[PDB]
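To keep things clear, I will list the structure first and then write my remarks on it.
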There are 2 protein chains.
Amino acid sequence: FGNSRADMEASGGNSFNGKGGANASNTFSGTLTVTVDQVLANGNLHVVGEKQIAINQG
Amino acid sequence: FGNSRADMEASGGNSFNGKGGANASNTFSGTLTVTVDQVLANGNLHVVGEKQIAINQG
């Protein structure tokens with residue numbers, strides 16, 4: 001053990017941090033009058049409708 | 001990996017912000033006496049009227 005033959009010192013480190021995420025949203029509010037353009041075999045009604053508003057510059 | 005052969009660093013950005021809008025309004029308040037100048041086939045009355053006021057300088 002003389003002459004620092006067995007003296008030793010070591011250190012080590014390892015680090016990892018990952019993360020992730022996502023999100024989506026949508027809202028819609030209004031009222032629209034549509035018209036029936038087809039009646040299906042079970043009585044369900046296909047409906048289509050369009051509202052066009054022009055206010056000033058569009 | 002010596003001589004910084006694999007060391008690297010990059011950055012990037014992209015931004016966009018658009019917006020728009022319009023609005024219109026009108027108000028009218030008053031009283032006017034008009035005259036019937038036509039009676040339609042369903043009894044509705046076509047009416048026309050004019051009021052002219054001159055106060056001082058117009």
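To be explicit about the labels: the chains of the structure tokens are called A, B, and onward in the order shown, and within each one the residues are counted from 1, while ligands get numbers from 1 in the order they are shown.
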With only C-alpha atoms as the counted atoms, please give the residues lying no more than 10 Å from residue 23 in chain B, apart from itself and same-chain residues fewer than 2 positions off, as JSON, numbers by chain. {"A": [55, 56, 57], "B": [21, 25]}
Export of prior selection with N, CA and C atoms as a tab-separated table (two decimals), in the first residue's frame:
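This went into part_12.tsv:
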chain	number	residue	atom	x	y	z
A	55	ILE	N	-70.87	41.51	-44.95
A	55	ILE	CA	-70.93	42.70	-44.06
A	55	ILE	C	-69.79	43.64	-44.42
A	56	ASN	N	-70.06	44.68	-45.21
A	56	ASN	CA	-69.04	45.73	-45.49
A	56	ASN	C	-67.98	45.29	-46.50
A	57	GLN	N	-66.98	44.51	-46.09
A	57	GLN	CA	-65.85	44.30	-46.99
A	57	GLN	C	-65.46	42.83	-47.06
B	21	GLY	N	-61.18	41.80	-39.72
B	21	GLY	CA	-62.53	42.04	-39.25
B	21	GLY	C	-63.21	43.21	-39.93
B	25	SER	N	-72.93	49.68	-39.00
B	25	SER	CA	-74.10	49.99	-38.19
B	25	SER	C	-74.79	51.22	-38.75
Write down as a VMD selection string the residues of chain A whose backbone DSSP state falls under strand (DSSP E or B). chain A and resid 35 to 39 45 to 48
Just C-alpha atoms for this one: save the residues we selected as a PDB file, in the first residue's frame.
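And here's result.pdb as it stands now:
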ATOM      1  CA  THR A  35     -83.041  21.516 -46.665  1.00  0.00           C
ATOM      2  CA  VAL A  36     -83.718  17.802 -47.113  1.00  0.00           C
ATOM      3  CA  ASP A  37     -82.425  16.624 -50.488  1.00  0.00           C
ATOM      4  CA  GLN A  38     -82.829  12.852 -50.033  1.00  0.00           C
ATOM      5  CA  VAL A  39     -84.860  10.360 -47.996  1.00  0.00           C
ATOM      6  CA  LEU A  45     -83.015  12.429 -44.232  1.00  0.00           C
ATOM      7  CA  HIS A  46     -79.955  13.759 -46.024  1.00  0.00           C
ATOM      8  CA  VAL A  47     -79.739  17.500 -45.356  1.00  0.00           C
ATOM      9  CA  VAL A  48     -77.651  20.249 -46.968  1.00  0.00           C
TER      10      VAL A  48
END
